[PDB]
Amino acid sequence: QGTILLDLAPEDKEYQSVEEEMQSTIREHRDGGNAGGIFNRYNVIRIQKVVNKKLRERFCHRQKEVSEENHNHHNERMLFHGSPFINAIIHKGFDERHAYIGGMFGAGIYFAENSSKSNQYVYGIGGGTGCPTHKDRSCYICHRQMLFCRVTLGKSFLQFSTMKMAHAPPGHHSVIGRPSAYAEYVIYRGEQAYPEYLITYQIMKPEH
């Protein structure tokens, strides 16, 4: 009924395909390391596959609808997502009703193709006050989690200066803003994203 969390063996080509994609999409943010911490590699502690029947079905029904609307192209893309509700999301799925009106591009769910970008969001906007135990945004101790999800983009609307919209523009199914820089993929329907992989990891202090 609920969600089954499956561990992936590090020697499974599937584990390797996800960690490789997480480690390789690390980038410099002209941050100084403030939001997500100072690092240039993660210690991937665990990769779990999130299996939930109802979520898959809601997600596949919507993906069909979007195909119909976009010349049989649902445009599925694997994307990272970071935020403080990861546990809630893996059990009940993505939910736009918990989406923040004020967001740069509206009340949607945000995704990035760069792992170092979603890591900045693990403990809230800008990385809030860091980890709960150490009030440190660059904690090398506490374990963090992020999601690598299948995101049904359908036809993406390229917006390029803020517009706080509540739904994708007419005829589109997603929004891509290029903030200052990097890209933000936004959806306004929980069922357009499926949280495929749950990743437990730590940022690692720079070597010396």
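Rigid core (definition): largest C-alpha set, two forms, superposition within 1.5 Å. Start at 1 with the first residue shown and count on from there.
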Top-deviation stretch by C-alpha RMS in 6 other deposited structures of this protein (rigid core reference), from 80 to 88, 105 to 113, is 105 to 113
Fit on the core, then compare CA atoms: does 22 to 30 or 161 to 169 lie farther from this form in 6 other deposited structures of this protein?
161 to 169
Does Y123 go missing in at least one third of the other entries compared here?
no
So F94 is built in this one, but is it left out in a third or more of the other compared PDB entries that include its neighbours?
no
Gap size between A181 and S180, counted in deposited residues that the entry leaves unmodelled
4 to 9
Taking the mean of the C-alpha B-factors per stretch from the entry, tell me the winner out of 29 to 37 and 143 to 151.
29 to 37
With B-factors read from the PDB entry, the higher C-alpha mean of 193 to 201 and 18 to 26 is in 18 to 26
Out of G108, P84, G102, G93, which one has a C-alpha B factor higher than all the others in the entry?
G102
Note to self: of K49, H172, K164, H167, the C-alpha temperature factor tops out at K164
Going by the CA temperature factor in the PDB record, which third of the chain does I125 belong to: lowest, middle or highest?
middle
Binned into thirds over the chain's modelled residues, the C-alpha B-factor of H98 lands in the middle
Can you work out whether the C-alpha temperature factor of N114 puts it in the lowest, middle or highest third of the chain?
lowest
